[PDB]
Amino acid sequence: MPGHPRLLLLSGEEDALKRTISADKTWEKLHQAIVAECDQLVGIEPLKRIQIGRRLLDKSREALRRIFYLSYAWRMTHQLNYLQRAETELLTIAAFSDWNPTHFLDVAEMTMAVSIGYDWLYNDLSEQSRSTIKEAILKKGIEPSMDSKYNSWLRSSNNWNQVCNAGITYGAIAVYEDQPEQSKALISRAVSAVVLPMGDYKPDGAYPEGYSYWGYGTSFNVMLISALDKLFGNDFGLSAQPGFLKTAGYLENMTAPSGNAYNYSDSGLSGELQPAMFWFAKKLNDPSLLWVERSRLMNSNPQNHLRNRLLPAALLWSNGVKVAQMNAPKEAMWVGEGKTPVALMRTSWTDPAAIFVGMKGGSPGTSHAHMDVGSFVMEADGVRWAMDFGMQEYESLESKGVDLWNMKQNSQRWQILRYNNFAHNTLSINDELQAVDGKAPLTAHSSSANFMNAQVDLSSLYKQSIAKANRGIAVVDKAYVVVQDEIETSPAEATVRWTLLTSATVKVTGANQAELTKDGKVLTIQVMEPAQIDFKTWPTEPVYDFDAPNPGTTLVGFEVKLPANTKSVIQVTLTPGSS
């Protein structure tokens, strides 16, 4: 086993790292931003153990950012200021009464922070500082993780399992020589337990909870795998778990030409630089996975990156990648199954005016899901024409007493305007909510250049009102988008509402035609089937006083009555003015 440092970057490996960083202007400017941020940190006071409510998490995360940055800077520059400032942070945190195990993410992230510093600075620390820091890792990090009242995340399939197993494993590695049998058992515990959350990447790497939740668990899962690879030369089969390595392709393709994500489920629009993407691109020897991160590294203010507590890992995993001279990905379509299937289609990775469609199957009962099954977003000519409201801020909803996290059919969650199907780009039948027990599979797809498409079976989402419902969405002739619903009624008639949510200005120019205008661009909505419709708009204003305002948005669409015992088609085309 390597001695210290044994986490992520071994004893002499900074020298080769320096060479690749000096050979790339983009990596060099990131490295220098970190070094200059460390110069500022030298003059900033150590953290205090002050919670916000039940959580110390803001402090544990800042501790990770400070100690990772300073420890990286010390190993790369050997500036004494960085060593001493990091040591002061480590001794301060070691003196905390506890690292708040009743919200164990706080302990996990604090343990990772103190462990990286302990390990990366070990050879340059006094025996007294080593002993102080080691005892805090053991007594405030590792020991609470062995307590049944604190470690239920070992049984969970969510981000807590990945994050807590990663953090405690970093502790077990950092203090290995003080308790070898015990640390080996802790490493084994994490390797076995982390398979639970990794199951949800199967089979294709789509992330069931969507764009904003991808970062946390996945990144800590990668910190764990990478540390095992560097320490043991292997990861005990973790990276081979079905679908896990495919999740980098998922995240890359989730960014539309605008730079904004397909923000289904509880998600925001904007992302950030994701250091874990550079690990995936290194493990897979596939720099084409980094096309979106390239834009962030090249264009963004580096101050945006300097809030990222894992930022030095992006440089550790840089793998000699030459950012500016990267080639765009060859594949312009990405499809994945699993609990939340998605299809992500674009006409070009290089043309900023490209048509993009993101569409999803899945279930409203999935963690963080909305009643959005079969919905889509659409961009063209630099404008998002068909949108998704995204999440609503949790704190106000919870403080108001809204039953936000109940996923059952009758839950108050679905009385939140932004979360039910009347505000998403999909069907509502008989004025009903979607069935939360519904699960729409992706049944077929093609990346054919003139007919890129995907199809989902929506029947179980409308089980009580119709016999069958299938939806296809396609990009046709690289020129327009078609949304096609095929509905088979039961022996009862059904009323179907077709909905599109937009921030563009809406003008109904004909009985079957509407013009959307935004940012000096135009898109035309044409209802091809049925031939006879009454175009409508619906307000996006709050319905309940806990609904957030939605200024500048409009719902447009129509309703069709479908007779009993019939097979019917609804077909709508979306044609950019460029087309």
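Start at 1 with the first residue shown and count on from there.
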118 to 126 set against 178 to 186, stretch whose average Cα temperature factor tops the other in the entry: 178 to 186
Please compare 323 to 331 with 437 to 445 and say which has the higher mean C-alpha temperature factor in the record. 323 to 331
Top residue by Cα temperature factor, when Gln40, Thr524, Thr553, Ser60 are compared in the entry: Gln40
From the entry's CA B-factor values, the highest among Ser97, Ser71, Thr366, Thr169 is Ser97
Binned into thirds over the chain's modelled residues, the C-alpha B-factor of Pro257 lands in the middle
For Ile67, return the chain-relative third of its C-alpha B-factor as stated in the PDB record: lowest, middle or highest. lowest
How does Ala564 rank on Cα B-factor within its chain, lowest, middle or highest third? highest
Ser157 - Cα temperature factor, lowest/middle/highest third of chain: highest
Ranking every modelled residue in this chain by its Cα temperature factor as given in the entry, which third contains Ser288? highest
